[PDB]
Amino acid sequence: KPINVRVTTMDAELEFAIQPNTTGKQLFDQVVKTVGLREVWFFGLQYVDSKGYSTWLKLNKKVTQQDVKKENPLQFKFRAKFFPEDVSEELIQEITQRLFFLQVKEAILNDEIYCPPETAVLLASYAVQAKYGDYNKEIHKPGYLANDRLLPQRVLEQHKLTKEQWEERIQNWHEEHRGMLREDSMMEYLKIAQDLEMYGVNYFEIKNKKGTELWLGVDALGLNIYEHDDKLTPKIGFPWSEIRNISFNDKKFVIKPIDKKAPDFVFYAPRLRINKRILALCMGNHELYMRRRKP
Amino acid sequence: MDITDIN
């Protein structure tokens, strides 16, 4: 029987039949090939397993044997799993730049990556310059932006201006990018986003031995611990260079630092598999952190 | 139970 598979990227969907023993890799390979993506190291296929967990699809394993929720079209999302350290020197393909711009922006819009008011407006203008090209008195008439979801929700909730005010504001910033290309614009966007405190960092809800709530941030540059109340500022940091060994044993995870004088960090995950992922993420992420410091 | 060594 043919296994029906849908793989949406951020601007495209793809639907084909799959073989009852097609390897995750073979699947990933088809998708990237069809899209014409070369920078394949940042990306993954994400599906949802039977327990409800969003999971990354493993390439060295039969795509049919990883327990993805069994619906008619087997559904996956093709998203960046890892983020570069510097967008401009790490994203060479227009395709890659595009799939990033989109994924990043979406999160910026969903209050996922925090972004303060002025920068939000600044970003929006780059997003509209990307969409619409040069501003034009004759074309873009008062309200030409009424249909576009342009600003982080919290931005709108906190600084109360009118809808047509925020628009005037972006319009002003839009008017100024006159001459930018759709491509450049998306890049100028990313260059600003990649500096946001929450950009390219995966959070996990944890608690220490004392049983108090915390967040663990795994990212391009290492681990970071946050207080539940603040997702932005790290309480303690651990770059890769300053970490010797990370391990877990059941729900208990432990970080061991390079200098012996430091009291190694210990936290408690809500389930075993949560650590499994934390371990997986760090490994893949550190690996790339090395790989871009060799030839 | 698992372990990884970084730096």
# chains A, B, ... in the order shown; residues from 1 in each chain; ligands from 1
>>> residues_around(residues="segment 117-119 of chain A", least_positions_apart="5", cutoff="12 Å", atoms="only C-alpha atoms", output="JSON, numbers by chain")
{"A": [108, 109, 111, 124, 125, 126, 150, 151, 152, 153, 154, 155, 156, 157, 158, 159, 160, 161, 166, 169, 170, 173, 189, 190, 191, 192, 193, 195, 196]}
>>> residues_around(residues="residue 22 of chain A", least_positions_apart="5", cutoff="8 Å", atoms="only C-alpha atoms", output="PDB file with N, CA, C and O atoms, in the first residue's frame")
ATOM      1  N   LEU A  27      13.305  10.537   2.168  1.00  0.00           N
ATOM      2  CA  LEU A  27      12.236  11.539   2.219  1.00  0.00           C
ATOM      3  C   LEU A  27      12.810  12.955   2.260  1.00  0.00           C
ATOM      4  O   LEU A  27      12.568  13.754   1.353  1.00  0.00           O
ATOM      5  N   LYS A  62      13.563   4.034   9.073  1.00  0.00           N
ATOM      6  CA  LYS A  62      12.450   3.967   8.139  1.00  0.00           C
ATOM      7  C   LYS A  62      11.411   4.998   8.549  1.00  0.00           C
ATOM      8  O   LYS A  62      10.976   5.023   9.704  1.00  0.00           O
ATOM      9  N   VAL A  63      11.042   5.860   7.598  1.00  0.00           N
ATOM     10  CA  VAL A  63      10.102   6.962   7.835  1.00  0.00           C
ATOM     11  C   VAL A  63       8.769   6.434   8.339  1.00  0.00           C
ATOM     12  O   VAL A  63       7.947   7.173   8.875  1.00  0.00           O
ATOM     13  N   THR A  64       8.578   5.135   8.161  1.00  0.00           N
ATOM     14  CA  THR A  64       7.337   4.485   8.529  1.00  0.00           C
ATOM     15  C   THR A  64       7.403   3.866   9.934  1.00  0.00           C
ATOM     16  O   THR A  64       6.389   3.415  10.464  1.00  0.00           O
TER      17      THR A  64
END
>>> atom_distance(atom1="atom CA of residue 247 of chain A", atom2="atom CA of residue 197 of chain A")
26.2 Å
>>> residues_around(residues="residue 7 of chain B", least_positions_apart="6", cutoff="8 Å", atoms="only C-alpha atoms", output="PyMOL selection string")
chain A and resi 240-245+258
>>> interface_residues(of="chain A", to="chain B", cutoff="12 Å", atoms="only C-alpha atoms", output="VMD selection string")
chain A and resid 221 to 223 238 to 259 272 to 273 275 to 287 289 to 290
>>> atom_distance(atom1="atom CA of residue 75 of chain A", atom2="atom CA of residue 2 of chain A")
14.4 Å
